[PDB]
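A.B. asks: Have a look at this one before I ask anything.
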Amino acid sequence: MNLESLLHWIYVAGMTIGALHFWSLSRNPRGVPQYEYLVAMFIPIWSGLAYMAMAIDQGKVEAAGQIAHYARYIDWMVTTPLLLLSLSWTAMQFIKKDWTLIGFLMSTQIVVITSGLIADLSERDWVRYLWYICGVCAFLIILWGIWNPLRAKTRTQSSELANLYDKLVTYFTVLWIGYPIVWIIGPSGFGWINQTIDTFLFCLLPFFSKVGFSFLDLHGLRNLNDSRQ
Amino acid sequence: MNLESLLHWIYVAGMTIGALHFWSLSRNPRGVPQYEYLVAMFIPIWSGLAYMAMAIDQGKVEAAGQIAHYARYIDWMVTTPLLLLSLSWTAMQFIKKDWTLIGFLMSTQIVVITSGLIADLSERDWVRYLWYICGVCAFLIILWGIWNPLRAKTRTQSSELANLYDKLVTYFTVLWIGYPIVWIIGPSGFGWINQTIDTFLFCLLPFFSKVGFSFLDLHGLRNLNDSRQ
Amino acid sequence: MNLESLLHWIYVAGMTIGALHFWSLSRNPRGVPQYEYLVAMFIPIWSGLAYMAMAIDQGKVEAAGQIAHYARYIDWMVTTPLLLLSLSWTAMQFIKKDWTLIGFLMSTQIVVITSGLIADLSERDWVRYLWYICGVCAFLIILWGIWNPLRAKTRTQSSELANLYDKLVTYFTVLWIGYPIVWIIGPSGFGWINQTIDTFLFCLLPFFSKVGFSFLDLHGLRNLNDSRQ
């Protein structure tokens, strides 16, 4: 009764009803097959349980008197990668041969989330300065590489599929770069301030990315051609 | 020497000889292909070494003088998902196209296991009651969705393949519901009692479902038409 | 300040530049397709970050005044498994149907790693002797099983491919057996000596298998036939 929250509580509330909204709208989709709603169904479910937990402050251990954001990165080890996989399905409306490109995105993602779970596990104020630089640096090499698929020479192949991927990649970068920015200040990122505003900022951001990604794909593809299985 | 056990010891002993039993019987199976014993081979192997540890009292950490069932859920995070995957193989003889339902199943399971590992990691006597109802509730939505595959309208397709999944899910539910029941009483489930009967019940149940599942599929499919690679 | 390293530092240095060498050499490979350098690209990247950490003494925890090799096995939980995956690619130049043998290796692997992470998590001096023998034991049964694919009856099928996997498994066994050997002495393996030597030995060994495995495949296949996609 000394420390109660209602931000993470309502978080899971909207997530639960989200997946359910697909159960009713399943009678007929808005042009885009259920495949999109599928991956977008698991993201809210899992994260939901993790949110309500943050409310009761469950899933955190007091190391050296300092509270670690264990529940924060854990959800960022399963949700984020899944958020990366949803992109693969967005462009790939069908599969015929096992691609290796997907394996490149999955592996590189694991390396990023690693720098995120260790950042909060800083043992000293000096070590936190080293790992921090390693996190952003990783995103650099990954940015130049993820920006390769959009070859300027392949633009002759199909401009249609190129435009779609060019629109979803834009908002994608804004998010992935968003977190690294806010990290510049606050806890576990140079900044000794209250943990109230911190948990409030890292809460509203993922949300702005969750729902924002849903409506994004809707206008991204914009197709009226349906195909049953 | 003041807390020795022989229950978990015999556990791994029976699992080890189990996989080997297939190595000799591999000369020829009971009509059912080797893919069945394959998945059923990894289950006892991994879980085997896990239980053996429970005997030596390993894989457990003493936090604040409180013992945690760390190794308990661990085996339930790798074995259970595999116990689910086996169902997909028993219902699918040969694959020709990558399904998506297999993903929604493996995902929803990860959610269930999550509530299981946290259930024991209760930080308060009040937070435990909350995380508890969350686990069962999660099984509710999954129960209505898992019971969907057997559509009454798709019965016009094949009554043979249907009756196969019917008998399978039947016993599958009794088990999945079994644990949630015993949880009502005992540690990590509202019940301050000895840890002897606790580990004695939670150990006998998995074993009752381990061997019971093997003989189940044998009579479940019952086929005399084998196919080589 | 006092406890500083430099071996793990140069470790990541050689790994980062490695993957970069492929970026420039990508213009044309030494006969072997990029698939080989693909898996050989992620292995050094991830491990790199894990190494530099060992230098700044990050990733470990102080349990009862003791230092656990947490980050040590961590890399051996994702890297090692991939080390096997690379082997499946060197043998299969093209896939047409999903195999089950691939799952047999990946599964049995998780089992070995389990004994590797718990070996250092020994809570007693007696339990360490029990967990140790358990690890090498599992390595025995898998040894005969992995030595099976090279059947003497299938020699009449293809001597070319048979010779490739024969030379590949040779060096592969030398390393897999290497670690089990050194474990007979030192911390977490019967031996109360300075951690300076232990950390220095388990450092050069992996590096000896990292770069050694790269050039190994180059001379293993040695093909001039290239195929594009």
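Cβ sites come from the backbone with ideal geometry, for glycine too, and all protein chains shown count toward neighbours. Derivation of every value follows stated rules applied to the coordinates shown; laboratory data play no part.
A.B. asks: Can you tell which of A:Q229, A:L216, A:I185 lies farthest toward the positive end of the dipole of chain A, using +1 and -1 charges on the Cβ of basic and acidic side chains (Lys, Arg; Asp, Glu)?
C.D. replies: A:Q229
A.B. asks: If the cut-off is 22 Å between C-alpha atoms, which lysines fall inside it for B:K167, apart from same-chain ones fewer than 8 positions away?
C.D. replies: Qualifying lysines at Cα under 22 Å: B:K153, B:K210.
A.B. asks: Between chain A and chain C, with a rotation axis joining them, whose C-beta in A is nearest that axis, and what is the whole-Å distance?
C.D. replies: Result for the A and C rotation: A:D98, 5.
A.B. asks: Would you order B:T80, B:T173 from fewest to most other beta-carbon atoms within 10 Å of each residue's own beta-carbon?
C.D. replies: Details: B:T80 21, B:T173 14.
So the residues, fewest neighbours to most, are B:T173, B:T80.
A.B. asks: While we're here: Given points 7 Å out from each Cα along the Cα-Cβ axis, report the A:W192 to B:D98 separation in nanometres with one decimal.
C.D. replies: The modelled label-to-label distance comes out at 5.1 nm.
A.B. asks: Label point 7 Å out from B:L218 along Cα-to-Cβ: which residues of region B:67-104 have amide N under 19 Å?
C.D. replies: Taking a point 7 Å out along Cα→Cβ of B:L218, the residues of region B:67-104 whose backbone N falls under 19 Å are B:86-87, B:90-91.
A.B. asks: If you don't mind, there's one more thing I want to ask. Can you give the mean number of other chain Cβ atoms that lie within 10 Å of the Cβ atoms in peptide A:60-70?
C.D. replies: Details: counts 1, 3, 1, 2, 1, 0, 0, 0, 0, 0, 0.
Average neighbour count from other chains, rounded to a whole number: 1.
A.B. asks: Return the FRET efficiency for the residue pair B:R228, B:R124: r is the Cβ-Cβ distance, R0 is 56 Å, and the value is rounded to the nearest 0.05.
C.D. replies: After rounding, the FRET efficiency stands at 0.45.
A.B. asks: Let me ask something else. I'd like the FRET efficiency for B:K60 and A:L140, computed as 1/(1 + (r/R0)^6) with the beta carbon distance as r and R0 of 51 Å, rounded to 0.05.
C.D. replies: 0.75
A.B. asks: Per residue of C:98-106, how many C-beta atoms from partner chains lie within 10 Å of its own C-beta, taken as a mean?
C.D. replies: 2
A.B. asks: Now a separate question. Which longest uninterrupted range of chain A lacks any trypsin sites (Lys or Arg not before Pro) assigned by DSSP to a loop state (not H, G, I, E or B) and surrounded by at most 16 other Cβ atoms within 10 Å? Each step should come with its number before you reach the end.
C.D. replies: Values: sites that count: A:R27, A:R30, A:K60, A:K96, A:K97, A:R124, A:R151, A:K153, A:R222, A:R228.
My reading of the result: A:154-221 is the longest stretch.
A.B. asks: To continue, here is another question. I want to check the label-to-label distance for A:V169 and A:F200. Put each point 7 Å from Cα in the C-beta direction and report it in nm to one decimal.
C.D. replies: Simple spin-label model gives 3.8 nm for this pair.
A.B. asks: Just need the Rg to Rh number for the protein assembly as shown, please, alpha carbons only, Kirkwood Rh.
C.D. replies: Expressed as Rg/Rh, it is 0.93.
A.B. asks: As a check on your grasp of the helix formula, calculate [θ] at 222 nm for chain B: sum -39500 (n - 2.57) over DSSP H runs of n ≥ 4, divide by the residue count, round to the nearest 500.
C.D. replies: Helices in chain B give a 222 nm mean residue ellipticity of -23500 deg cm²/dmol.
A.B. asks: Let me ask something else about it. Would you grab the residues whose amide H sits under 5 Å from the one on C:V32? Only those 5+ places off in sequence or on another chain, please, with H modelled 1.01 Å from N.
C.D. replies: Excluding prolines and chain starts, which carry no amide H, the hits are C:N223.
A.B. asks: Additional query: Give me a single rounded figure for A:7-20: the average over its residues of other chain Cβ atoms within 10 Å of their Cβ. Write out the running numbers ahead of the final one.
C.D. replies: Working: counts 0, 0, 0, 0, 0, 1, 0, 0, 0, 2, 0, 0, 1, 1.
Rounded to a whole number, the mean comes out at 0.
A.B. asks: Then there's this: Hey, could you get me the Stokes-Einstein D for chain C, Kirkwood radius over alpha-carbon pairs, 20 °C and 1.002 mPa s, rounded to whole µm² s⁻¹?
C.D. replies: D, rounded to a whole number, is 110 µm²/s.
A.B. asks: By per-residue mean of other Cβ atoms within 10 Å, what is the highest-first order of A:200-206, B:33-39?
C.D. replies: Details: A:200-206: 15.6, B:33-39: 17.9.
Those peptides, ordered most packed to least, come out B:33-39, A:200-206.
A.B. asks: Let me ask another. Sorted from shortest, what are the nm distances separating the label point of A:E4 from equivalent points in the other copies, each placed 7 Å from Cα along Cα to C-beta?
C.D. replies: 5.3, 5.3
A.B. asks: Sticking with this structure for a sec: Summing +1 for each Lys or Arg and -1 for each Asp or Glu, what net charge is found among the other residues whose Cβ lies under 11 Å from the Cβ of A:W89?
C.D. replies: Net local charge, A:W89 excluded: -2.
A.B. asks: Something else now. How big is the charge dipole of chain B about its Cα centre, in debye rounded to the nearest 20, if each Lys and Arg gets +1 on its Cβ and each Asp and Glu gets -1 on its Cβ?
C.D. replies: 880
A.B. asks: If one computes the Cα centroid of region C:1-67 and of region B:188-229, what distance in Å separates the two points?
C.D. replies: 43
A.B. asks: If each label sits 7 angstrom from Cα along the C-beta direction, how far apart, in nm, is B:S214 from its counterparts in the other copies?
C.D. replies: Label-point separations across copies, in nm and ascending: 4.6, 4.6.
A.B. asks: Once you place label points 7 Å from the Cα toward the Cβ at C:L7 and A:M77, how far apart are they in nm?
C.D. replies: Between C:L7 and A:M77, the simple spin-label model gives 2.8 nm.
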